[PDB]
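Since the structure comes first, as structure tokens, the remarks are kept for the end.
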Amino acid sequence: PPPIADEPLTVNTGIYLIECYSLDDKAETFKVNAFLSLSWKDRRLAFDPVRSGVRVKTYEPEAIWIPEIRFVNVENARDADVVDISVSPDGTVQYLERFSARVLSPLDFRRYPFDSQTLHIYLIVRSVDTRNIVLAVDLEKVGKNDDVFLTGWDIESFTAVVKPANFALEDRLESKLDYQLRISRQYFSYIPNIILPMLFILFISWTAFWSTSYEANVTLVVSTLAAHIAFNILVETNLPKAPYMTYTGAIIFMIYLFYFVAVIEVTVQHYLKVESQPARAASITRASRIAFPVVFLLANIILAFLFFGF
Amino acid sequence: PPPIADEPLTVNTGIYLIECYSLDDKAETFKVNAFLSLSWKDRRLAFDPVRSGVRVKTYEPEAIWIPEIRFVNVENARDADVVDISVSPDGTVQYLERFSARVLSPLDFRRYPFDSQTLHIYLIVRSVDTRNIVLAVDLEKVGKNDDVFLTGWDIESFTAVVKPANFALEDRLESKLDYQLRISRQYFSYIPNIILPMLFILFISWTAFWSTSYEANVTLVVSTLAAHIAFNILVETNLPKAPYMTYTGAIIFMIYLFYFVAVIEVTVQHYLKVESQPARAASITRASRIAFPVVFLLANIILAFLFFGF
Amino acid sequence: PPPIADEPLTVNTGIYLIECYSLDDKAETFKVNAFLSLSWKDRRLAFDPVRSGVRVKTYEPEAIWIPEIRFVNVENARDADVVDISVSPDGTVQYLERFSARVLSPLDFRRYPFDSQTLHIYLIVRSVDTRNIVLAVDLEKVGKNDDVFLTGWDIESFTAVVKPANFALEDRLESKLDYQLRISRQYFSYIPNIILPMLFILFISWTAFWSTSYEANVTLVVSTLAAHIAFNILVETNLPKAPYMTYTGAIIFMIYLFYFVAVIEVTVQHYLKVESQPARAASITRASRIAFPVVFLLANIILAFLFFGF
Amino acid sequence: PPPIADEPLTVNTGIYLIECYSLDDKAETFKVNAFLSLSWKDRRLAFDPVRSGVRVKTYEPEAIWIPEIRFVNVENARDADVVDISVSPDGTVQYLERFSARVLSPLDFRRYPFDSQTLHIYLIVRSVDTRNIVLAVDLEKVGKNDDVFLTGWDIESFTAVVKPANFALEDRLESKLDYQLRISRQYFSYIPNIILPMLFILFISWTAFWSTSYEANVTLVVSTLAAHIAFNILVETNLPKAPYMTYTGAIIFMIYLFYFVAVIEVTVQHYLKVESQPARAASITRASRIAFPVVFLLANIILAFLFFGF
Amino acid sequence: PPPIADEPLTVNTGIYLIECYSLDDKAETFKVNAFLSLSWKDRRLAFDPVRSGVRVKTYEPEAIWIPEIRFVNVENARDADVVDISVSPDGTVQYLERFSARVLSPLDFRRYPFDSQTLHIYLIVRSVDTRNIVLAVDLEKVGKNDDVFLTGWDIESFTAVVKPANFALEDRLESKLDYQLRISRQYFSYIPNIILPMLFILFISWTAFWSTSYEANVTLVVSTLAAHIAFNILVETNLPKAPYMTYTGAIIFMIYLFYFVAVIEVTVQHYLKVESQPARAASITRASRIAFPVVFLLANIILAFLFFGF
């Protein structure tokens, strides 16, 4: 039984994050536990406070018409518990619930680990003989607790796109609101864990430029390559398959190439040295001693700019 | 309480995909959240627009006879919320719900990774004293969000096969509709992560043909074999057990053979060389240096054509 | 309120498999989605066709006494949806639902991977003031769809034991039926993935019999043993702990033994060679070059018969 | 509305195991699907066997006062279906349900793998204006289905402690019964899988005592040590973190020690042998050849008794 | 419909922990199953003990106004069952339920493994036309069963902070109570599992200071570093990504540094030795033999204080 409106009935939304958690890189989903704020004027409920009761009359959800506010991007239906319904003397209805859902939102892994993300939560509402429009009240969007975690992430801003986007979907109008959570990944742990160690085993790998023994140099380059494969896999596991090109995934394949050309180098040193031409053999290696780190530090600078700075 | 019909009762379906996610290669199941659209004429509820009510009279599901529309390939029973029931004036019912299910549909790993898949979602309905037929409306089946994800896939087309399939099952007739999601795998990461590194360790594998020392030659071929077993396991892990032969499983086993015959070669070289026949020893290896890459580049061409282009 | 019976009240069962999926080796559980078909005569419901209504009268679950039919081997309770109830004129009730459960059934890993299994689904019923007995109707028990999967398994036959087993449990009688889904594993992938590579690394392992250098010979056997431990663990992981001896767990342990006696061989050969007794050193090894593959191919045959052909 | 009792009302319990499964070592939880049997005298429902009805009157749960019986050590609320409520003439109600829960019970990993465990299932009941006390009926507890699995475990005895323990909890008295599932682990697969291979790589580790070469001897002890770390991690992985000392975690640490002292030994052999004092060098190694198996076989005999035999 | 009050309605809370379990470090979540204890006076229900009935009258949740008591840091809505409602004559309502929820509480990994943690459980409540205040009664907060596990943790004390925190949240007042579960990690398994083995392979690593052969000295450092990375990964995996610096993650990076400088040392020794200046080489190596354990034992002493003792 919808409130008879002369023109669109405006539903006012707002979201207050209480708990945020379990952002899945692989799944591209995170989880929210929050307050939902709906308000609309249904004037049929105005009881004129003096004549009976008190200033505000509270109703149970079964006695009132509520706009059905559905979430757009979410895996299952939202779980909700109705906290309060309060009808004003003039007939203004205030609805507040507490819901917990898991949100499904795209992530941009181009800059991983260092990347910044913006997560999305959409509220649509569908009309009947009246049109409903959801619209954001910045007073109920100011909300989240100072205590919200979202482990491994720094939380910048929770806001709402105030202008609803109005679809026509299956012979009716629906109003959509876009709430936005901006977060940035905490990259520190990755340096002592992934970055620096990978760099180390990479340096250790081409330390073989100071040695004349083939055997020691194959043990070297190959047994570092194994560990690099291990790191590659470890990082490749915790991340979804991208259609586009990642930064870390770039430098990791680069390091693959440097391992190959390293193997090529020492092999060339061997064949040349059993051809009894060490004159050239020491020359190649001594060149490598500079060329390999320079090409690296160069290409990394090349790569660095091409992603972040451009 | 079915509407008493003159001939088969026709129910008109349509699906609007809202969110897609969790396509599980191993499980051969994916997850869908969409709109379900049913419309049918149950004439027993007769209006008079002028005499009473308005153009449209809204009912709650308990007051109406609804067709029982079940999904065929789904794990557990499908979960749903009725969004709207609007009875048109003539006794035409417009039923719209929003459902979330996990669909069980076959996958083809033959061309893996590169292949296209066509996912199936089947709708049945069963009759009682009247027969029912479900049928697709291409206007309501085009459904999709321009935002639908299915991470790691390119989504081409969502459609429905217009002709209902009518089974006879346990002394009653059922009608089945086939909705199709045509998607193609996004193959990008597979090159910098799996393919190319595997090729690299394969080339590194036979880099030992330029060396005369047995020891370096066992370290090379074996420690590359290890990495190849590692990749083998890595790819074997994320994929279901195939009754047929995969492309990647083909070339991977081929690469295994090349590690094997490489091993035989270097062994034969050592025994030959301590027999003081370096005449033969340098000759065999020098043959290997060309034959091995060539057979591969051939075998891949042999293999590649044999799968995709034929 | 059960129908007053002159003698045992007979319920007629049947299952129509719709979906099969998720057979868990470790868990020894699989998952079924099917039709359940129950039928019984309640003569209290026979109003006879002519006096009112029609040939068949449909009832809602709340208005009829329904036999309470429970599944025996199942982890948690089954989820079910009542499809139809049709009472015939004479008082014959036709009950049909669709259920989804996960069944817990024993598996035999002796012949693994090559093994065949027969999965069980048991249906019971408990009595009250009348005794109930379940019995199979081969017309509804033929149940299967030509589309049923059970990915990684070949489905042979779904049938039901017509004769019920009658327990006395806690001062009342219960009737049990045994439904059987007979399946055989798809064993193909194990050859390009586990079997053949294990054999390769096993042969490559004992390639060291053609060389006199100790160092190369320790690198060989050890770095192959690593890979065999990897395969051992990988297969051991996806399989439950067996109280008995598997074929695969057998040949894998046998292969372990060959790795150990190999180590003993090269160990003896070096010490023999620095004792300046190459006479014995080349002799032992030359015996090994034939003996080792001979023992394998034999022991495999010994083992193979002892499991399969016996 | 509890039955008016002259003194404490005694509830008679019993459990009948149907399925046992999913014993999780890490979780220290298992899963049971069984029968719960309660019987109590509520005299307000009195017999008038002749006056009306029959010998036994069956009630639906909502029409009787039923005791609320809750499980103590459990994760979530227990899942249950009412099988039968049959009130005996005397006002004795016979209540029978079927439940499925996952129980949380301590495990003792002191003797792992070989250990026996006793799982606990606790039933409490809370009083109101009458006191309730539960007590076991050995007729309904005396059994389990002969088919109960608990994969990877041997089932000894299902029993119940007949004496109730009465807590005072939040100003009311509660009665607790301790049901015990006494089981012992199936330890066979661990030998062909874990034990023996570790032993082999350990023996192989110190086989280097028959060789004078340093490089081959670092290869041996180190690459056996690697595989031992692998097994260590493998076992440490499937088991929860102990506050106490395990047997396997002990001998594994001992084995770590032996790999360490092996490396120390061969290193010492090298520095001594390049100092040109082979007189001492051959002596040390020859001593190790016996002491190492002796210290080991001794330390193990010591360890074995201290756990099992004491 | 709240009890009409002259001033704030005081709710008295309390918690009795029954089970603690499944503390997840990565997740920073644990699970509790406990008693919730509420008591408040609603005077509208009046005492007429003599006039009718008895001392205490029991009500079903639907007939009384109940405070809506919500948990703050929790993932999903808590699932709960009402154990008892007994209203005392004076209008004292005694409410007791049993709930199972999963709590989300921060953990501090700075001292991991050795760390002590304090888990938080917050109870808020929201007002209507009356203001509500929750407050702790330490007699009902005394709760935990002597049986509570939290496997791998020692449970010290479960308490409640007596002063409620009173928020003003979205135009209404809410009252929050802070419950604390103080636990200390059982750090024992970590010595035989992670700590000691890592220490051993670290000593084995620089055992190469007693050897002059390049090959053996590269095999050493490399094959120890590989396993050390393996341990790094094993630990980094079971731990969430830290924004700050952990103790274990610190000493692990330090150890990485010592491996790097070790490789550097042997590398310099070889080239120095083929420069035919072993005079310098043996000096360097002999300096290392003390400096490395000394610097280590120093740096470890330095690091340890910086975390724990300050």
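FYI, it's all coordinate maths here, none of it is from the lab. Because the Cβ atoms are built from the backbone with ideal geometry, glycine has one as well, and the counts that use them run over all protein chains shown.
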Rounded to the nearest whole number, the per residue volume of the convex hull around the C-alpha atoms of chain B in Å³ is 156 Å³
Summed over the other residues with a beta carbon less than 9 angstrom from that of residue D:93, with K and R at +1 and D and E at -1, the charge totals 0
The exposure ranking of C:239, A:306, B:181, fewest beta-carbon neighbours within 10 Å first, is A:306, C:239, B:181
Expressed in angstrom and rounded, the centroid-to-centroid distance over alpha carbons for region D:57-135 and region C:1-70 is 30 Å
The computed P(r) of region E:193-252 puts the percent of Cα pairs beyond 20 Å at 36 percent
In whole Å, largest first, the alpha carbons of region B:233-289 cover along the principal axes 51, 17, 17
For region E:84-200, the dipole about the Cα centre with charges only on Cβ (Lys and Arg +1, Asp and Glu -1), to the nearest 20 debye, works out at 420 debye
Low-density loop GluC sites (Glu not before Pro), region A:32-84, at most 16 other Cβ within 10 Å, DSSP non-H/G/I/E/B, are A:68
Here the convex hull volume per residue of region B:190-310, taken over Cα atoms and given in Å³, is 107 Å³
Dimensionless Rg/Rh of region D:1-130, both radii on Cα and Rh by Kirkwood, sits at 1.09
Given backbone amide H placed at 1.01 Å from N, residues whose amide H is under 5 Å from that of residue D:21, ignoring those fewer than 5 places away on the same chain, are D:31, D:150
Relative contact order as a percentage, region B:190-310, C-alpha pairs under 8 Å and 6+ apart, gives 28 percent
The percentage of Cα-Cα pairs in region A:113-249 separated by more than 23 Å is 61 percent
With one decimal in nm and the nearest listed first, the spacings from residue E:264 to its own position in the other copies, using label points 7 Å along Cα-to-Cβ, are 2.9, 3.0, 4.8, 4.9
To the nearest 10 degrees, the tilt of helix C:196-205 (Cα long axis) against the first principal axis of the alpha carbons of chain C is 20 degrees
Computed over region A:129-169, the Cα gyration tensor eigenvalues, each multiplied by 5 and square-rooted, give semi-axes in Å (largest first) of 30, 13, 9
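What is the fewest-to-most order of C:257, C:272 by other Cβ atoms lying within 10 Å of their Cβ?
Ranking C:257, C:272 by Cβ neighbours within 10 Å, fewest first, gives C:257, C:272.
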Rounded to the nearest 10, the angle in degrees between the Cα long axis of helix B:247-274 and the longest principal axis of the Cα atoms of chain B comes to 10 degrees
Relative contact order in percent for region E:34-103 (Cα pairs under 8 Å, 6+ apart) equals 48 percent
Across C:266-273, the residue-averaged tally of Cβ atoms belonging to other chains within 10 Å stands at 3
Note: E:71-77 gets an average of partner chain Cβ contacts (10 Å, Cβ to Cβ) equal to 6
Partner shielding of D:257-264, taken as the mean number of other chain Cβ atoms within 10 Å, equals 4
Percent relative contact order for chain D, counting Cα pairs under 8 Å at least six residues apart, stands at 17 percent
What a careful reader reports for the chain D Cβ nearest the rotation axis onto chain C, distance rounded to whole angstrom, is D:215, 5
Expressed in nanometres to one decimal, the distance between label points 7 Å along Cα→Cβ at residue E:120 and residue B:116 is 5.4 nm
For residue D:26, the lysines lying under 26 Å Cα to Cα, once residues fewer than eight places off in the same chain are dropped, come out as A:26, B:26, C:26, C:31, C:241, D:144, D:241, E:26, E:31, E:144, E:241
So the angle from the long Cα axis of helix E:278-304 to the longest Cα principal axis of chain E, reported in degrees to the nearest 10, equals 10 degrees
Dividing the alpha-carbon radius of gyration of the protein assembly as shown by 2.2 N^0.38 Å, where N counts its residues, gives 1.04
